[PDB]
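Taking it in order: structure first as structure tokens, then the write-up.
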Amino acid sequence: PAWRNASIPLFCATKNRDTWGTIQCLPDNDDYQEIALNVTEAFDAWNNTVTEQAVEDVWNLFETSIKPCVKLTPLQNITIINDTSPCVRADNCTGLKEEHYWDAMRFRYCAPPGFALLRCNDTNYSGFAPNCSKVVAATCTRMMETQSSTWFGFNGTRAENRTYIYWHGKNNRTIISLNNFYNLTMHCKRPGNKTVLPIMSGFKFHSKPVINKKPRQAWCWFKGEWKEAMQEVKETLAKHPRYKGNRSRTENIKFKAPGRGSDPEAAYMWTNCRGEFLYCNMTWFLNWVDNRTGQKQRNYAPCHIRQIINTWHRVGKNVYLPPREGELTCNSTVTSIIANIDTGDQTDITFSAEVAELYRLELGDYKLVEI
Amino acid sequence: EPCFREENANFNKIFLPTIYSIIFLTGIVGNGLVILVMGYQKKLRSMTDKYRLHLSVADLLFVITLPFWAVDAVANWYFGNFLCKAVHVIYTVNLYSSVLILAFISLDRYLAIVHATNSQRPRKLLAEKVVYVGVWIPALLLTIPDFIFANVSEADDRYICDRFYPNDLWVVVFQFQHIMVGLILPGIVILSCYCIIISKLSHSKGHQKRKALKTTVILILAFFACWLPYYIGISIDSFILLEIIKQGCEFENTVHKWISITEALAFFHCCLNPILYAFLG
Amino acid sequence: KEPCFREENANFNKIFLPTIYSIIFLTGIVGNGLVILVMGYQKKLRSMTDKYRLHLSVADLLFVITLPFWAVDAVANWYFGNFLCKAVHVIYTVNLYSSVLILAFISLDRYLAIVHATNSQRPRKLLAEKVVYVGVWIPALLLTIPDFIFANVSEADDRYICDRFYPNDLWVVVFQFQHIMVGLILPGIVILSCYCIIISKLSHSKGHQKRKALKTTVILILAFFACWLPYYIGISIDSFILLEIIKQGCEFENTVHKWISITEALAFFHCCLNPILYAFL
Amino acid sequence: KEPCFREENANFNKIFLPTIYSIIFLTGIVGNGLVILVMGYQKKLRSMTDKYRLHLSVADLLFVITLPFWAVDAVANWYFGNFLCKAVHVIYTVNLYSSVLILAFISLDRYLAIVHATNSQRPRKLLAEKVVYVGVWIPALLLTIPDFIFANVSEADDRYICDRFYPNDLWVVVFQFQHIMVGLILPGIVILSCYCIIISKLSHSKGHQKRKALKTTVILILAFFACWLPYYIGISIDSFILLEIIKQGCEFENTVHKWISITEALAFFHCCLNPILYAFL
Amino acid sequence: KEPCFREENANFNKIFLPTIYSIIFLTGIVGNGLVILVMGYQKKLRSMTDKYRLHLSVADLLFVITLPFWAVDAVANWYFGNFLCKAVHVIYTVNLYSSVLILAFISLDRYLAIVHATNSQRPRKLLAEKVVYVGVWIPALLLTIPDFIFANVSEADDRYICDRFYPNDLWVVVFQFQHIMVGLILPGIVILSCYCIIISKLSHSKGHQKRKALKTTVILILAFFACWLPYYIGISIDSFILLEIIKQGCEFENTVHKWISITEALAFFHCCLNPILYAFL
């Protein structure tokens with residue numbers, strides 16, 4: 001048939017039955033039908049209306065679900081620490097110095113009748129294929145993720161058993177997917193006011209609970225074969241056709257962080273933990289990944305809580321409540337990396353803060369057409 | 001550090017009820033013998049026999065509830081709330097009251113030897129009425145916190161009951177009050193009257209006809225030596241409890257092991273009156 | 001549910017038990033044989049209690065003949081058959097029951113001598129001559145046929161340890177409790193009630209000189225009961241461990257077994273005190 | 001080679017030390033106040049050796065008037081500052097030395113009492129009145145100026161413990177050495193020489209009753225030396241632990257230190273005896 | 001079948017052994033020097049027991065004069081040589097055998113003193129003067145000849161343990177068992193049998209006062225055997241686990257060695273008892 005590009009917004013289908021999922025989206029019947037077509041079409045991950053619609057819906061969900069209180073307008077030892085360490089359960093390790101949440105929500109975009117969502121099924125798709133041979137038609141898409149974070153990506157469903165790098169053709173913005181074979185997962189736990197067996201305040205057999213003196217200290221521990229995944233990422237970067245550096249030398253590639261004085265979103269672990277938004281320091285994590293000798297190489301990161309954040313989509317800041325009392329736990333699967341790669345004499349991978357590029361990765365192969 | 005873990009050693013759980021059983025047996029035998037030879041046959045001659053009779057009756061109401069503590073030290077308390085309310089109130093009234101008569105005997109002896117001439121009526125007055133109006137009813141006045149704060153608790157398949165205060169500040173101030181009633185105020189009282197009677201007997205070396213005070217000072221010193229490690233123990237527990245000294249879990253556990261041990265060796269003050277009557281000195 | 005968790009290590013027990021056994025054995029055989037060949041052979045006896053105390057010494061002499069078998073079982077894996085094991089257990093149990101039965105008998109003689117001091121002298125003669133054997137000996141032989149039938153040597157991983165083997169745990173409970181009654185409590189109320197009422201009868205006397213011979217008997221009674229009390233308390237604790245009451249302590253049951261062996265050796269001192277009390281007054 | 005590794009955190013040591021300190025402090029106040037009131041103020045004294053008992057009680061009272069700071073140091077770490085630490089170390093040294101020298105003086109006084117019973121009455125009062133001060137009191141202050149300069153507090157991990165500190169181990173071992181000779185060696189042969197001389201000259205009497213006055217002096221000297229000797233041999237072994245002889249045990253070294261603390265606790269019973277041999281006769 | 005499993009710490013033994021060694025050394029040299037100075041030079045002897053008590057004290061003096069070498073070997077390692085090791089071993093063996101033989105001589109002297117009191121007075125003098133030296137000293141020197149050859153110190157890695165080294169183990173077992181024989185089997189039978197005849201013939205006396213000075217000899221014998229018998233049952237038990245009768249307890253063998261050392265130190269207190277028994281009566 002004959003199809004044309006259209007800018008008509010779609011309707012979302014979800015399985016979660018929360019307030020935003022029921023109000024803004026339809027229930028999902030898992031009608032994932034895919035028809036392969038022997039046609040050639042142009043697909044762009046960044047110049048896509050479905051990616052912008054998903055970013056706007058994610059921002060609307062983030063605004064409506066976790067309501068901030070104030071909305072602002074511009075007017076040498078290597079100590080690998082697991083979850084069973086003695087300092088872990090008491091929350092007293094050597095950390096950083098002092099400076100309603102939505103649940104498991106995942107949706108799909110279903111096209112209206114008279115419309116289709118052509119999907120590029122190319123294996124070498126780097127986010128921009130002007131001539132994609134494998135075009136697959138689908139009325140309803142696959143099952144995307146609404147988690148918002150910098151430096152990484154969690155609970156994504158596009159983490160295949162390989163590494164592929166999305167590269168924008170006009171700048172150095174890069175999206176890198178992870179390998180699911182290495183089982184790359186993280187664990188984060190904040191111990192709160194630790195209590196004892198009940199009060200027992202008496203003449204004999206008297207106890208004392210351990211109140212957490214640092215509510216602004218949390219610890220995420222990071223698991224998986226990350227040296228092998230780091231080598232796979234460097235090999236895919238050296239094998240990328242847009243790589244201007246030395247393709248036969250992966251040692252000229254070096255992972256990096258943004259310098260001090262920049263935004264805290266691009267320099268720290270701007271991620272959510274059950275309504276409380278962490279700010280961790282991956283300097284020890286960067287020393288562990290890059291094997292920088294003579295420095296502190298840890299498999300964890302001291303996380304600092306912050307009542308204020310910055311708006312990733314719009315211009316402004318959001319101020320939230322003080323953190324509640326109790327134990328805070330988070331668990332997800334690391335699926336993608338958001339970073340900027342500069343090519344030269346020494347290739348530098350600077351971690352970016354483009355939260356929208358995760359959803360641009362998730363909906364980049366799909367493209368709405370009008371039948 | 002996770003928490004504070006409470007655990008009693010198994011050697012206390014077998015040696016300790018052995019101690020309560022032997023203390024119970026000799027206490028009930030000796031106090032029943034003393035009561036049935038004094039308060040029923042009227043064999044009283046001196047004035048201290050009424051005081052030691054009061055000590056013996058408070059003793060026997062302690063011993064008649066002692067096997068409840070003996071079965072508490074090995075097994076869970078499956079009697080009821082009111083039963084251990086009763087055992088707690090009778091324990092504190094015995095422990096306070098015995099201190100009051102054990103100071104009253106020294107007060108009578110101070111009024112006897114120093115004021116030998118002009119004291120015939122008032123020694124008889126404390127023999128009849130002043131002990132009843134100033135020993136038992138103050139001791140009964142110091143039971144109503146136990147009458148309001150003692151309760152039972154189920155802490156992990158183990159029924160224990162204790163005077164359960166709302167917070168640790170109540171516990172630390174009540175252990176402090178336990179010192180200032182058990183040791184301190186009768187201590188300076190008994191040291192003052194014994195220093196005065198010794199300094200006056202040093203002026204009275206001309207006669208040695210009255211030597212019945214040797215049993216009194218022997219009872220005083222043995223009572224204080226029996227109760228001193230317990231008071232030092234609860235003072236150490238009081239000092240760690242108000243976080244003036246911090247050492248960790250092992251110090252509190254060592255303190256609890258030692259404090260049950262000096263409960264065992266400080267319950268020996270029951271069999272002090274009958275052995276001293278069996279020796280006459 | 002751990003069934004046994006049997007810990008039979010007992011390193012310090014295997015040295016402390018034979019030392020106490022050899023001390024008690026040597027002093028028992030020397031003192032008991034010596035006191036038999038001065039009391040019974042020479043007919044040197046003058047009082048009334050000396051016949052019962054002679055019965056105590058012959059029973060404890062029979063005990064300390066077979067005590068080295070207990071020592072060599074305690075330190076070593078013993079090989080002397082089943083007839084000898086039956087003999088050892090039967091003579092140990094007839095001694096253990098005859099001691100408390102003649103203790104009740106001599107307390108009854110003291111009661112009948114003090115209270116009925118005028119019109120009862122031939123009852124003392126028939127008590128010490130005719131009805132004494134039917135009083136202690138043949139009941140003590142009557143409570144030993146289960147020991148005659150239940151003493152057998154086990155077939156172990158080479159131990160060959162001989163112990164009194166019973167059908168089931170309820171049989172252990174009822175027999176061990178029967179030992180508790182007929183070894184502690186019924187002679188306990190008999191002796192203690194008779195001594196209490198002769199103390200109450202002694203208040204009617206004018207401080208007479210009939211208590212000068214009472215001190216040796218009462219200190220023998222008191223030392224005997226203090227010697228046998230912790231072993232019986234450990235027996236009661238082990239019996240309450242059965243019927244699944246304080247069943248949480250498997251290693252506490254192991255330390256109860258170690259403790260009951262220790263106070264078993266310590267409670268074997270009821271043969272030493274008789275010739276020592278003969279040596280003193 | 002690990003020098004000390006002093007990280008052991010003993011607990012029963014830290015519980016048994018303050019109760020021993022408290023009971024010896026309490027009996028120090030009681031007995032020493034009684035004996036100071038009946039010797040120094042009433043002037044009841046009838047002999048010559050009671051002046052030495054008087055002065056020894058003054059030294060022991062100087063010890064036990066501030067012994068609770070030793071008790072608090074046993075409980076927790078020092079908070080009172082360096083001046084009180086200096087004061088308690090110098091009073092500990094003058095009491096420790098001066099008690100041994102006045103025992104030497106009273107043994108010398110008994111020597112001229114027994115041997116030169118006829119021609120020595122003016123050196124008797126000369127030893128009792130004048131030369132006793134310049135013999136025992138001030139020379140003990142000549143052995144405390146290095147203690148006066150060398151005692152301070154430490155800058156530890158929020159502890160500030162109170163102990164004597166030295167720039168080298170040589171000063172440590174020679175001061176432990178001088179403690180050994182001053183406490184045992186030359187006063188010990190003084191006591192031994194005078195005592196064998198008077199026990200050789202005692203046998204010439206035809207059953208005289210002057211021996212009964214010697215018995216109090218000999219039981220006081222024997223109790224003092226038997227009370228002080230285990231700490232002396234512990235500190236001698238600890239001095240031999242240094243100086244490159246017996247380096248094979250570090251855990252042996254810390255158990256030697258624990259034995260030093262236990263024996264230092266137990267060796268303060270020389271503050272107990274002087275009233276006790278006056279209470280008994 | 002593990003051969004040795006040799007221990008390496010011996011922690012509390014290395015500090016507890018020199019303390020009791022110095023206690024027994026000091027009290028031995030003081031008491032034995034005083035008793036020799038009164039009754040071997042000044043001649044205060046009147047009875048016949050005191051001659052053997054003097055000879056026991058002089059063998060005691062040669063033992064305590066070398067007990068500091070035992071203290072040095074307890075806390076440290078041998079630095080002296082081979083001749084001094086030979087000397088301390090021979091003098092320890094003659095002291096050990098001579099004490100047992102001379103207490104048997106005390107028993108025989110009491111036997112002829114009480115039984116043959118009318119016809120044995122000249123062989124009493126003969127046994128007091130002449131044949132006593134042949135009786136006690138000559139078998140001791142004839143028995144220490146295997147010690148006199150077998151006393152060598154081996155060049156151990158750092159310790160150089162002075163021990164009786166043997167070519168094999170059957171000789172060790174048979175020498176331990178003959179040591180047990182000479183320690184107990186003949187002389188204990190002699191002592192207990194003779195005292196049995198003394199008590200048997202003493203009942204023929206109508207309350208005579210001839211047994212007043214005999215109780216000190218009985219308490220001497222009982223005290224000596226009371227200290228010596230735990231060490232004797234320790235070496236007997238070591239011989240029993242040797243010769244492959246008990247095999248499972250190599251840790252129990254280490255416990256046996258620790259017990260043997262500790263009660264060897266405690267059994268060396270037979271030096272203490274003769275001077276304090278002369279101090280009392």
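Letters A, B, ... mark the chains of the structure tokens in the order given; residue numbers begin at 1 per chain; ligand numbers begin at 1, in order shown.
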For range 52-65 of chain E, work out the shell of residues within 8 Å, counting only C-alpha atoms and skipping chain neighbours fewer than 2 positions away, then give it as a PDB file with N, CA, C and O atoms, in the first residue's frame.
```
ATOM      1  N   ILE E  24      55.770 -21.938  98.225  1.00  0.00           N
ATOM      2  CA  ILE E  24      56.243 -23.112  98.946  1.00  0.00           C
ATOM      3  C   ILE E  24      57.732 -22.984  99.259  1.00  0.00           C
ATOM      4  O   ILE E  24      58.173 -23.421 100.325  1.00  0.00           O
ATOM      5  N   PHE E  25      58.501 -22.298  98.400  1.00  0.00           N
ATOM      6  CA  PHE E  25      59.919 -22.073  98.664  1.00  0.00           C
ATOM      7  C   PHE E  25      60.120 -21.173  99.871  1.00  0.00           C
ATOM      8  O   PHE E  25      60.916 -21.494 100.763  1.00  0.00           O
ATOM      9  N   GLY E  28      58.807 -22.835 103.068  1.00  0.00           N
ATOM     10  CA  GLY E  28      59.646 -23.964 103.409  1.00  0.00           C
ATOM     11  C   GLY E  28      60.964 -23.544 104.023  1.00  0.00           C
ATOM     12  O   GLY E  28      61.373 -24.100 105.046  1.00  0.00           O
ATOM     13  N   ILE E  29      61.629 -22.541 103.432  1.00  0.00           N
ATOM     14  CA  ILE E  29      62.920 -22.127 103.976  1.00  0.00           C
ATOM     15  C   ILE E  29      62.734 -21.455 105.335  1.00  0.00           C
ATOM     16  O   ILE E  29      63.493 -21.741 106.269  1.00  0.00           O
ATOM     17  N   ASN E  32      61.451 -24.436 107.925  1.00  0.00           N
ATOM     18  CA  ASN E  32      62.448 -25.470 108.151  1.00  0.00           C
ATOM     19  C   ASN E  32      63.707 -24.898 108.790  1.00  0.00           C
ATOM     20  O   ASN E  32      64.304 -25.547 109.660  1.00  0.00           O
ATOM     21  N   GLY E  33      64.098 -23.673 108.415  1.00  0.00           N
ATOM     22  CA  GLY E  33      65.217 -23.032 109.080  1.00  0.00           C
ATOM     23  C   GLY E  33      64.936 -22.734 110.539  1.00  0.00           C
ATOM     24  O   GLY E  33      65.792 -22.969 111.397  1.00  0.00           O
ATOM     25  N   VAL E  35      62.726 -24.346 112.507  1.00  0.00           N
ATOM     26  CA  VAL E  35      62.562 -25.563 113.297  1.00  0.00           C
ATOM     27  C   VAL E  35      63.896 -26.292 113.466  1.00  0.00           C
ATOM     28  O   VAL E  35      64.154 -26.879 114.529  1.00  0.00           O
ATOM     29  N   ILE E  36      64.796 -26.205 112.478  1.00  0.00           N
ATOM     30  CA  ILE E  36      66.127 -26.769 112.654  1.00  0.00           C
ATOM     31  C   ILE E  36      66.919 -25.945 113.659  1.00  0.00           C
ATOM     32  O   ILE E  36      67.564 -26.504 114.554  1.00  0.00           O
ATOM     33  N   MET E  39      65.485 -26.991 117.192  1.00  0.00           N
ATOM     34  CA  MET E  39      65.529 -28.359 117.701  1.00  0.00           C
ATOM     35  C   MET E  39      66.680 -29.206 117.171  1.00  0.00           C
ATOM     36  O   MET E  39      66.695 -30.415 117.420  1.00  0.00           O
ATOM     37  N   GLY E  40      67.662 -28.617 116.495  1.00  0.00           N
ATOM     38  CA  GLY E  40      68.829 -29.379 116.107  1.00  0.00           C
ATOM     39  C   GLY E  40      70.080 -28.754 116.680  1.00  0.00           C
ATOM     40  O   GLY E  40      71.119 -29.406 116.807  1.00  0.00           O
ATOM     41  N   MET E  48      59.931 -38.488 121.066  1.00  0.00           N
ATOM     42  CA  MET E  48      60.597 -39.325 120.079  1.00  0.00           C
ATOM     43  C   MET E  48      60.128 -39.055 118.656  1.00  0.00           C
ATOM     44  O   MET E  48      60.828 -39.416 117.704  1.00  0.00           O
ATOM     45  N   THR E  49      58.962 -38.424 118.500  1.00  0.00           N
ATOM     46  CA  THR E  49      58.442 -38.067 117.181  1.00  0.00           C
ATOM     47  C   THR E  49      59.286 -36.971 116.529  1.00  0.00           C
ATOM     48  O   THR E  49      59.537 -36.996 115.313  1.00  0.00           O
ATOM     49  N   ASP E  50      59.770 -36.027 117.340  1.00  0.00           N
ATOM     50  CA  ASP E  50      60.434 -34.828 116.839  1.00  0.00           C
ATOM     51  C   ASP E  50      61.769 -35.114 116.158  1.00  0.00           C
ATOM     52  O   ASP E  50      62.213 -34.295 115.352  1.00  0.00           O
ATOM     53  N   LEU E  67      63.979 -25.746  94.902  1.00  0.00           N
ATOM     54  CA  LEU E  67      62.729 -25.296  94.266  1.00  0.00           C
ATOM     55  C   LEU E  67      62.751 -24.001  93.433  1.00  0.00           C
ATOM     56  O   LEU E  67      61.924 -23.887  92.514  1.00  0.00           O
ATOM     57  N   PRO E  68      63.605 -22.996  93.700  1.00  0.00           N
ATOM     58  CA  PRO E  68      63.740 -21.901  92.719  1.00  0.00           C
ATOM     59  C   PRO E  68      64.230 -22.334  91.344  1.00  0.00           C
ATOM     60  O   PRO E  68      63.890 -21.671  90.358  1.00  0.00           O
ATOM     61  N   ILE E  91      67.916 -34.910  94.240  1.00  0.00           N
ATOM     62  CA  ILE E  91      67.466 -34.386  95.525  1.00  0.00           C
ATOM     63  C   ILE E  91      65.938 -34.388  95.618  1.00  0.00           C
ATOM     64  O   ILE E  91      65.382 -34.661  96.696  1.00  0.00           O
ATOM     65  N   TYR E  92      65.239 -34.198  94.488  1.00  0.00           N
ATOM     66  CA  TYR E  92      63.785 -34.301  94.484  1.00  0.00           C
ATOM     67  C   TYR E  92      63.334 -35.731  94.757  1.00  0.00           C
ATOM     68  O   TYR E  92      62.392 -35.952  95.533  1.00  0.00           O
ATOM     69  N   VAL E  94      65.066 -38.135  96.422  1.00  0.00           N
ATOM     70  CA  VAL E  94      65.354 -38.611  97.779  1.00  0.00           C
ATOM     71  C   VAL E  94      64.411 -37.924  98.760  1.00  0.00           C
ATOM     72  O   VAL E  94      63.952 -38.556  99.716  1.00  0.00           O
ATOM     73  N   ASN E  95      64.042 -36.658  98.502  1.00  0.00           N
ATOM     74  CA  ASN E  95      63.052 -35.991  99.348  1.00  0.00           C
ATOM     75  C   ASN E  95      61.695 -36.685  99.276  1.00  0.00           C
ATOM     76  O   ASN E  95      61.064 -36.944 100.312  1.00  0.00           O
ATOM     77  N   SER E  98      62.000 -40.204 100.927  1.00  0.00           N
ATOM     78  CA  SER E  98      62.336 -40.131 102.337  1.00  0.00           C
ATOM     79  C   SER E  98      61.171 -39.629 103.163  1.00  0.00           C
ATOM     80  O   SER E  98      61.007 -40.073 104.299  1.00  0.00           O
ATOM     81  N   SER E  99      60.349 -38.726 102.610  1.00  0.00           N
ATOM     82  CA  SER E  99      59.165 -38.264 103.332  1.00  0.00           C
ATOM     83  C   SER E  99      58.172 -39.399 103.572  1.00  0.00           C
ATOM     84  O   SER E  99      57.660 -39.560 104.688  1.00  0.00           O
ATOM     85  N   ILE E 102      59.669 -41.868 106.060  1.00  0.00           N
ATOM     86  CA  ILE E 102      59.820 -41.387 107.423  1.00  0.00           C
ATOM     87  C   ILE E 102      58.452 -41.204 108.073  1.00  0.00           C
ATOM     88  O   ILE E 102      58.314 -41.310 109.296  1.00  0.00           O
ATOM     89  N   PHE E 105      57.897 -44.512 109.266  1.00  0.00           N
ATOM     90  CA  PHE E 105      58.624 -44.657 110.525  1.00  0.00           C
ATOM     91  C   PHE E 105      57.888 -44.008 111.691  1.00  0.00           C
ATOM     92  O   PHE E 105      57.938 -44.523 112.812  1.00  0.00           O
ATOM     93  N   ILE E 106      57.219 -42.877 111.446  1.00  0.00           N
ATOM     94  CA  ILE E 106      56.364 -42.246 112.454  1.00  0.00           C
ATOM     95  C   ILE E 106      55.223 -43.178 112.838  1.00  0.00           C
ATOM     96  O   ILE E 106      54.897 -43.342 114.026  1.00  0.00           O
ATOM     97  N   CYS E 271      55.702 -29.680 101.864  1.00  0.00           N
ATOM     98  CA  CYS E 271      56.723 -28.915 102.567  1.00  0.00           C
ATOM     99  C   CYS E 271      56.108 -27.912 103.529  1.00  0.00           C
ATOM    100  O   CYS E 271      56.723 -27.570 104.545  1.00  0.00           O
ATOM    101  N   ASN E 274      54.528 -29.292 107.761  1.00  0.00           N
ATOM    102  CA  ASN E 274      55.274 -29.553 108.995  1.00  0.00           C
ATOM    103  C   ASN E 274      55.558 -28.294 109.821  1.00  0.00           C
ATOM    104  O   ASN E 274      55.359 -28.343 111.050  1.00  0.00           O
TER     105      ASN E 274
END
```
Exercise. What is the Cα root-mean-square deviation, to one decimal place in Å, for chain D superposed on chain C with all Cα atoms matched in order?
Worked result: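 The fitted C-alpha deviation between chain C and chain D is 0.7 Å.
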For this session: Could you please tell me, as a list in words, which residues of chain B have an atom within 7 Å of chain A when using only C-alpha atoms?
Result: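 Going by the stated atoms only, the list reads residues 1, 2, 3, 4, 6, 162, 163, 164, 165, 166, 167, 168 and 171 of chain B.
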Just-selected residues, N, CA, C and O atoms written as a tab-separated table (two decimals), in the first residue's frame:
```tsv
chain	number	residue	atom	x	y	z
B	1	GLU	N	27.31	-2.18	63.66
B	1	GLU	CA	26.65	-2.87	64.77
B	1	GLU	C	25.13	-2.99	64.56
B	1	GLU	O	24.44	-2.00	64.30
B	2	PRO	N	24.63	-4.23	64.57
B	2	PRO	CA	23.19	-4.44	64.34
B	2	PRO	C	22.29	-3.94	65.46
B	2	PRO	O	21.45	-3.06	65.25
B	3	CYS	N	22.50	-4.46	66.67
B	3	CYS	CA	21.56	-4.28	67.78
B	3	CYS	C	22.23	-4.79	69.05
B	3	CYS	O	23.40	-5.20	69.03
B	4	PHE	N	21.49	-4.78	70.15
B	4	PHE	CA	21.90	-5.42	71.39
B	4	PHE	C	21.19	-6.76	71.52
B	4	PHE	O	19.96	-6.82	71.49
B	6	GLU	N	20.33	-10.13	73.70
B	6	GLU	CA	20.18	-10.55	75.08
B	6	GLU	C	20.16	-12.08	75.15
B	6	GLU	O	19.34	-12.72	74.48
B	162	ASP	N	8.80	-8.46	84.47
B	162	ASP	CA	9.75	-7.59	85.14
B	162	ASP	C	9.01	-6.26	85.27
B	162	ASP	O	8.00	-6.04	84.59
B	163	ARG	N	9.49	-5.40	86.16
B	163	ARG	CA	8.91	-4.07	86.32
B	163	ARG	C	9.22	-3.25	85.07
B	163	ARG	O	10.30	-2.67	84.92
B	164	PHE	N	8.26	-3.21	84.14
B	164	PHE	CA	8.49	-2.70	82.79
B	164	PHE	C	8.19	-1.20	82.79
B	164	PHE	O	7.04	-0.77	82.80
B	165	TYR	N	9.26	-0.41	82.76
B	165	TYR	CA	9.13	1.03	82.72
B	165	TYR	C	8.92	1.50	81.28
B	165	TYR	O	9.24	0.78	80.34
B	166	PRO	N	8.31	2.68	81.09
B	166	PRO	CA	8.14	3.19	79.72
B	166	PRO	C	9.44	3.50	78.99
B	166	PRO	O	9.51	3.32	77.77
B	167	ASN	N	10.48	3.95	79.69
B	167	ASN	CA	11.73	4.32	79.04
B	167	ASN	C	12.90	4.01	79.96
B	167	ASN	O	12.73	3.65	81.13
B	168	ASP	N	14.11	4.17	79.41
B	168	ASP	CA	15.33	3.85	80.14
B	168	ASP	C	15.65	4.87	81.23
B	168	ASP	O	16.40	4.54	82.15
B	171	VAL	N	14.20	3.60	84.35
B	171	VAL	CA	15.03	2.50	84.84
B	171	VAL	C	16.28	3.02	85.53
B	171	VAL	O	16.65	2.55	86.61
```
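Every protein or nucleic acid residue with an atom no more than 8 Å from residue 160 in chain B, counting only C-alpha atoms and leaving out same-chain residues fewer than 3 positions away, appears here: residues 72, 76, 77, 152, 153, 154 and 155 of chain B.
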Write the residues you've just listed into a file as a PDB file, in the first residue's frame, and include N, CA, C and O atoms for each of them.
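Result written to result.pdb:
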```pdb
ATOM      1  N   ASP B  72      11.104 -19.648  87.523  1.00  0.00           N
ATOM      2  CA  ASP B  72      11.266 -18.629  86.492  1.00  0.00           C
ATOM      3  C   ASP B  72      12.649 -18.682  85.863  1.00  0.00           C
ATOM      4  O   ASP B  72      12.789 -18.447  84.658  1.00  0.00           O
ATOM      5  N   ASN B  76       9.681 -20.754  81.387  1.00  0.00           N
ATOM      6  CA  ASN B  76       8.879 -19.565  81.143  1.00  0.00           C
ATOM      7  C   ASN B  76       7.790 -19.424  82.200  1.00  0.00           C
ATOM      8  O   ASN B  76       7.313 -20.410  82.767  1.00  0.00           O
ATOM      9  N   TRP B  77       7.400 -18.180  82.462  1.00  0.00           N
ATOM     10  CA  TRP B  77       6.396 -17.888  83.482  1.00  0.00           C
ATOM     11  C   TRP B  77       5.014 -18.154  82.901  1.00  0.00           C
ATOM     12  O   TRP B  77       4.445 -17.305  82.213  1.00  0.00           O
ATOM     13  N   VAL B 152       3.688  -8.427  82.300  1.00  0.00           N
ATOM     14  CA  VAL B 152       4.238  -9.608  81.645  1.00  0.00           C
ATOM     15  C   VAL B 152       4.490  -9.278  80.180  1.00  0.00           C
ATOM     16  O   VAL B 152       3.919  -8.320  79.648  1.00  0.00           O
ATOM     17  N   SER B 153       5.368 -10.048  79.543  1.00  0.00           N
ATOM     18  CA  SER B 153       5.732  -9.837  78.150  1.00  0.00           C
ATOM     19  C   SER B 153       6.061 -11.168  77.492  1.00  0.00           C
ATOM     20  O   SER B 153       6.605 -12.068  78.139  1.00  0.00           O
ATOM     21  N   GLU B 154       5.724 -11.286  76.207  1.00  0.00           N
ATOM     22  CA  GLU B 154       6.084 -12.454  75.403  1.00  0.00           C
ATOM     23  C   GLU B 154       7.135 -12.035  74.379  1.00  0.00           C
ATOM     24  O   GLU B 154       6.838 -11.471  73.324  1.00  0.00           O
ATOM     25  N   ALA B 155       8.395 -12.309  74.711  1.00  0.00           N
ATOM     26  CA  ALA B 155       9.516 -11.959  73.839  1.00  0.00           C
ATOM     27  C   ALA B 155      10.163 -13.232  73.305  1.00  0.00           C
ATOM     28  O   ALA B 155      11.067 -13.787  73.937  1.00  0.00           O
TER      29      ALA B 155
END
```
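The space between CA of residue 315 in chain A and CA of residue 73 in chain A spans 6.9 Å.
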